[PDB]
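Trainee: make a model of this:
(one chain, ligands or ions: 2)
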Amino acid sequence: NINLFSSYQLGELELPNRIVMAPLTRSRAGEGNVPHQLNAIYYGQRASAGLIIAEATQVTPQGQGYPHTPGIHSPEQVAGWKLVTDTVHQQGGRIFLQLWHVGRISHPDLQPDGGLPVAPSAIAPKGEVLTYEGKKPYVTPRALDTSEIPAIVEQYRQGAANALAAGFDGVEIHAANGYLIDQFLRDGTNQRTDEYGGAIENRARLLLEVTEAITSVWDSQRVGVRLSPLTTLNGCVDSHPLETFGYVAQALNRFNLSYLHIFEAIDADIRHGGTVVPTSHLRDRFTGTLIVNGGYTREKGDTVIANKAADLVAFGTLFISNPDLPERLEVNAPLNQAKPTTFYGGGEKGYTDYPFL
Ligand SMILES: Cc1cc2nc3c(=O)[nH]c(=O)nc-3n(C[C@H](O)[C@H](O)[C@H](O)COP(=O)(O)O)c2cc1C
Ligand SMILES: [Cl-]
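Mentor: Numbers count the residues shown, from 1 in each chain. Ligands and ions are numbered 1, 2, ... in the order given. Right below this line is the structure:
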């Protein structure tokens, strides 16, 4: 009898429960995009999670797309992240860093020397993007040269090496939500005509090469990957999600990863008139630990574990508002209500001041 409170063996890590804190961008980094003591308090308050996945963290300056997100490319950033991992470890928790590059979802104002965002193909996102001077129209990203792809892979390798020096327990590759890797994955954002575009094995190549590089730094059982097969976020869609994502699920087995993490889009059924990509399709193809996410509750999480449909269940929104989410779920306590106005930016309010039971 397994449920949301069963322990789990994730490589050498002993998880006390199956509850994961999903990665959550909070945009509360200081000068130089460096984490600080407030961030350490925030993660320390949530250390009862089976596993924390820290917010998306850019691996290189050009990988930033929103003001005040932390990076993992500089020594000052490693030192600030050390404050966080030290606090989490003091509180008996475990934490992985989510490794980010936004690709086209950025603006020159956020880029070194005011340069263009990079991407697989020169396709401007629609609408406006937040800068330090409010919202401005997106521009068109520069399509990377074939010869530049190794430099991208190397930025991820260095980001993963920095995470290791910062004292994380592992890393998660952000291959979801329409950011750089996802932009290569999906045919809606990738119309390249080299070995990184066209056929599925080409579109998956960047993910696979990034994963290979990162497993040269970390033991593979401390490296996860996140996918979001049916998001439409950031204008990133694939025309054959079942085949695309079913292929990636199988291709990742080579690496003996920590886990595959699926964000199941909350609006996919209502948009698509049904389910184009049941998570079972991926559960059956990826042979290791599966984390599922999107709108879970105590009862929904228990069910998926009991049914063997997933091993771990990640909660995003509820972990914003309930630092002791595991205990509250365990005893069927009232949950605090999440306050969207304070999700992004600011300080303690709506960040470290949600109460414990
Ligand atoms: C404020 C906020 C920030 C998020 N930031 C990230 C992020 O940094 N990386 C990521 O992969 N997903 C991110 N997401 C998506 C969440 O991790 C999660 O997949 C989503 O909220 C659905 O799960 P939930 O219903 O438990 O909240 C974010 C969502 C929210 C609400
Ligand atoms: Cl995200």
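
Trainee: ok, residue 98 - contacts?
Mentor: Contacts were defined as Cβ atoms under 8 Å, 6 or more residues apart in numbering; by that measure residue 98 touches 23, 53-57, 171-174, 226. To be clear about C-beta, it is placed using only N, CA and C from the backbone, and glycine gets the same treatment.

Trainee: columns neighbour count, distance to ligand 1 and secondary structure on top of these, output as CSV?
Mentor: Putting the contacts of residue 98 into CSV (neighbours: other Cβ atoms under 10 Å; distance: Cβ to the nearest ligand atom, whole Å; DSSP: H, G, I helix; E, B strand; the rest coil) gives the following:
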residue, neighbour count, distance to ligand 1, secondary structure
23, 25, 4, coil
53, 27, 8, strand
54, 29, 9, strand
55, 22, 5, strand
56, 25, 3, strand
57, 30, 8, strand
171, 30, 13, strand
172, 29, 8, strand
173, 25, 10, strand
174, 27, 5, strand
226, 26, 5, strand
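
Trainee: now for those residues: which two are most distant?
Mentor: Taking Cβ to Cβ as the measure, the contacts of residue 98 span a maximum distance of 14.3 Å, between 55 and 173.

Trainee: in the protein, which spans are strands?
Mentor: Applying DSSP state E to the chain gives strands spanning 8-10, 13-15, 19-21, 51-58, 95-100, 118-119, 128-131, 134-137, 142-143, 170-174, 223-227, 259-263, 290-293, 312-315.

Trainee: residues near residue 210, how many?
Mentor: 28 (other Cβ atoms under 10 Å).

Trainee: could I get the contacting residues of the spatially closest residue to it that is not a sequence neighbour?
Mentor: In this structure, residue 210 finds its nearest non-sequential neighbour in residue 156, 4.7 Å apart by Cβ to Cβ, 6 or more residues apart in numbering. With contact set as Cβ under 8 Å, 6+ apart, residue 156 has these partners: 59, 99, 101, 173, 210, 213-214.

Trainee: OK, contacts around the residue of the stretch 151-300 of the chain found nearest ligand 1?
Mentor: Checking the stretch 151-300 of the chain residue by residue against ligand 1 with Cβ to the nearest ligand atom singles out residue 263 as nearest, at 4.0 Å. Applying Cβ under 8 Å, 6+ apart, we find residue 263 in contact with 22, 176-177, 226-228, 231, 293-294.

Trainee: what parts of this structure come near ligand 1?
Mentor: Taking Cβ under 6 Å from any ligand atom as the criterion, the neighbours of ligand 1 within the chain are 22-25, 55-56, 98, 174, 176-177, 226, 263, 293-296, 315-317, 343.

Trainee: show me what contacts residue 16?
Mentor: Listed by Cβ under 8 Å, 6+ apart, the contact set of residue 16 reads 7, 48, 50.

Trainee: looks like the second one contacts residue 324 (just checking).
Mentor: Yes: with contacts counted by Cβ atoms under 8 Å, residue 48 reaches residue 324, the gap being 6.0 Å.
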